[PDB]
Undergrad: 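This is the structure I want to talk about, given as structure tokens.
Letters A, B, ... mirror the listed sequences (proteins, then strands); counts begin at 1.
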Amino acid sequence: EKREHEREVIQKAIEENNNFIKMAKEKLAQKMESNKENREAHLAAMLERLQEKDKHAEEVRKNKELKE
Amino acid sequence: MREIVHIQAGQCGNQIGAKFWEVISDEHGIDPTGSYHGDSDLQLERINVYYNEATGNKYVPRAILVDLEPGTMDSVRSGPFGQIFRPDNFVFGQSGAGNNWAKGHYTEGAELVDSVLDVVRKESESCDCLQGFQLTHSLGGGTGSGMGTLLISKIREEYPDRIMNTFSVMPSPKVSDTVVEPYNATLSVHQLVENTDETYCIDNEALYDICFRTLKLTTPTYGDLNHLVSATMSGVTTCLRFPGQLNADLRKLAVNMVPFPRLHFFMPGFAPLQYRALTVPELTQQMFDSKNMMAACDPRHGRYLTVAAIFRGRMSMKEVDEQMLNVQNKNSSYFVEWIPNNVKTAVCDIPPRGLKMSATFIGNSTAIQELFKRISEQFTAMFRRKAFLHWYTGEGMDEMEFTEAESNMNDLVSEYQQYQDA
Ligand SMILES: Nc1nc2c(ncn2[C@@H]2O[C@H](COP(=O)(O)OP(=O)(O)O)[C@@H](O)[C@H]2O)c(=O)[nH]1
Ligand SMILES: COc1ccc([C@H]2[C@@H](C)C(=O)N2c2cc(OC)c(OC)c(OC)c2)cc1O
Ligand SMILES: [Ca+2]
Ligand SMILES: [Mg+2]
């Protein structure tokens, strides 16, 4: 009974070192994923705003042409 | 040929084990080379209890040296009698045990135990009639304590009908390495209650006090403490190492000193701690004074269940009995009456180096409960706030094993109290 308790203790220590490593690895991957997403969405929205301003500058040149 | 296999583990275990071998090797006339140059055969008649013979007829300790890091054993090796030991008999890891019982018992120590059992098996198998085993260790660290107890379990499994004996150094705040010492000792005592037949409780509190309030050493080193331990260990093993009117062996000792299987924790005593030899009456008074005890319990707080005492040197056997009998019949409040003739006395002619008279005492007293209380109180002061426990849960232990170890120590205390009052 005692040997089997010995086995249990040490397998538990391995299991815990492992679950800790695993958890860390996952936590990192989720945060880096969410990070890239968010950053990209900010740049995309910026570029979208700029591009609307380009389109608007067509409708201002195209519209000066329509006074003739 | 009633051989004993000696094992020493951890820093404390190897430091005092080494001194031990220094002392007895000198008493048996062996030099640092394993070569005999003594003048009697009283030195050689039972030399085989502790020493194996060599090819050139040299003597080599039946000793196994164990540690989870190499430092101390490098020191042992480079010390005075370092080369006497069988080099195959040094068994060690590299990583240490961090004053952590769990690492010695369950993780780091588990990885080394089998190689130790291999050297053990190699030493047992060439024994004409092996008596049992003797382990030197402390209970407050990680290796001697965790791994030492693990070892005792394995040895009991492989040699269930041999005697297991320990010299166990108990921690004290006075002379302390780390705060987790009570945890490690409470876990270790629990093993010792189930798996030893005889344990000599060597309290570091007492050794400090004898060193400070008596030897007048103002800053006592571990060498000072180990010098007392060395003397006590030599005295306590005199009757095994030497021929007398008694044939002493470990099993007979256990039978005559242990009336209840769990109460096998002994308080040792020594006298003296000098050109004037002591007289028999002084030996007798000193030995039984609390100040000559090495466990830091006062024997007047409890009762003696049993006592074994030797006197070393050439003296008056008649005066011994007179004095022995006298100190009983002056202090009958402190011996049990329901165990007739519970104090036994012997004499060896060979004294130890540097004394012409000495006396050593082995007492099974209920006053030893004081020691276990001291540890329990300290354990509980931390455990009630689960302080410091992460060091052990991180090696796989649960609080449960703690709660149980606590419980079994308090039961031990209750048991000693029950017999102090019978
Ligand atoms: N009397 C004595 N006690 C010691 C000695 N070395 C360490 N200790 C005590 O032993 C405990 C620490 O255990 P230690 O042997 O150093 O750890 P280990 O290597 O893990 O077995 C503490 O209670 C120290 O006070 C020694 O040489 N003599
Ligand atoms: C009653 O108590 C006794 C206690 C000890 C002994 C003997 C025998 C069991 C033996 O071995 N004893 C022993 C061993 C001793 O060391 C191994 C010893 O002192 C060192 C000692 O001092 C009287 C006695 C005989 C007894 O009757
Ligand atoms: Ca390892
Ligand atoms: Mg240490």
Side-chain angles (χ1 to χ4, degrees), chain A, chain B residues 68 93 95 97-98 100-114 116-117 142 145-160 164 183-184 187-196 389-405 408:
Chain A
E1 283 169 4
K2 212 219 176 285
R3 338 278 66 167
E4 105 200 23
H5 173 73
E6 296 162 12
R7 279 189 207 289
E8 269 153 45
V9 170
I10 189 177
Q11 281 284 30
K12 181 152 167 299
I14 298 181
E15 166 78 352
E16 282 179 333
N17 188 63
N18 291 344
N19 193 66
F20 177 77
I21 291 184
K22 187 196 88 168
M23 209 92 72
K25 223 202 226 284
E26 290 169 352
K27 242 111 163 175
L28 211 42
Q30 113 89 21
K31 271 197 304 164
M32 295 310 250
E33 182 49 35
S34 167
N35 173 245
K36 198 188 190 45
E37 230 121 277
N38 287 340
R39 199 190 176 238
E40 266 159 17
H42 291 316
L43 287 168
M46 189 186 311
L47 292 184
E48 184 142 351
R49 280 184 292 268
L50 299 174
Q51 285 154 354
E52 291 329 284
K53 272 166 64 65
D54 290 322
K55 171 176 307 286
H56 167 85
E58 317 289 59
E59 306 162 323
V60 161
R61 275 187 298 265
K62 163 156 161 156
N63 176 258
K64 196 201 176 196
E65 197 162 291
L66 300 213
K67 197 37 198 35
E68 195 186 297
Chain B
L68 277 173
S95 60
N100 191 318
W101 194 85
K103 300 192 178 181
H105 205 69
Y106 283 142
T107 56
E108 302 298 321
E111 184 174 356
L112 190 68
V113 66
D114 286 348
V116 179
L117 296 169
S145 203
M147 200 187 167
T149 48
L150 185 72
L151 254 170
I152 279 171
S153 219
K154 309 287 188 186
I155 283 166
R156 197 187 177 173
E157 182 182 62
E158 190 174 345
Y159 311 81
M164 172 59 75
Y183 282 157
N184 302 334
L187 296 161
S188 237
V189 154
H190 184 193
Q191 303 292 311
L192 291 183
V193 179
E194 313 295 344
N195 293 325
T196 76
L389 228 58
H390 69 94
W391 297 124
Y392 301 83
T393 56
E395 303 294 310
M397 297 186 58
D398 198 78
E399 297 186 350
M400 193 64 97
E401 192 166 349
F402 279 71
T403 300
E404 297 166 19
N408 197 21

Undergrad: Under a 4.5 Å cut-off applied to non-hydrogen side-chain atoms, are B:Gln191 and A:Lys2 in contact?
TA: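 Yes - at least one pair of side-chain heavy atoms lies under 4.5 Å apart.
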
Undergrad: Does atom CZ of A:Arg3 have more than 12 heavy-atom neighbours from other groups under 6.0 Å away?
TA: yes

Undergrad: Is it the case that atom CD in A:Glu59 sees more than 12 heavy atoms from other parts of the structure closer than 6.0 Å?
TA: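 Yes, because the 6.0 Å sphere around CD of A:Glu59 holds more than 12 heavy atoms from other groups.
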
Undergrad: With a 4.0 Å cut-off, would you call B:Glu395 and A:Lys12 a salt bridge?
TA: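 Salt bridge: no.
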
Undergrad: Checking A:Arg7 against chain B: side chain, backbone, both or neither under 4.5 Å from a heavy atom?
TA: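 Contact with chain B involves no heavy atom of A:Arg7 at all.
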
Undergrad: Above 12 or not: heavy atoms from other molecules or residues under 6.0 Å from CD of B:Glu111?
TA: no

Undergrad: Go through the steps for A:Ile10 and B:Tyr106 under the test side chain to side chain contact (heavy atoms under 4.5 Å, CB included), then give the verdict.
TA: CA-CA 6 Å; A:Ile10 189 177; B:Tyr106 283 142; 5.6 Å; no

Undergrad: Taking all non-hydrogen atoms of both residues into account, name the closest pair between B:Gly394 and A:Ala13 and its distance.
TA: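 Heavy atoms only, the tightest pair is O-CB, 4.2 Å.
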
Undergrad: Check this for me: A:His56, atom NE2, are more than 12 non-hydrogen atoms of other residues, nucleotides or ligands nearer than 6.0 Å?
TA: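 Incorrect, the count does not exceed 12.
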
Undergrad: Do other residues, nucleotides or ligands put more than 12 heavy atoms under 6.0 Å from A:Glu65 CD?
TA: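 12 or below, so no.
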
Undergrad: Between A:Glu6 and B:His105, do the side chains contain an N or O donor and an N or O acceptor separated by less than 3.5 Å?
TA: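 No donor-acceptor contact under 3.5 Å links the two side chains.
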
Undergrad: For B:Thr393, is it the side chain, the backbone, both or neither that has a heavy atom under 4.5 Å from a heavy atom of chain A?
TA: backbone

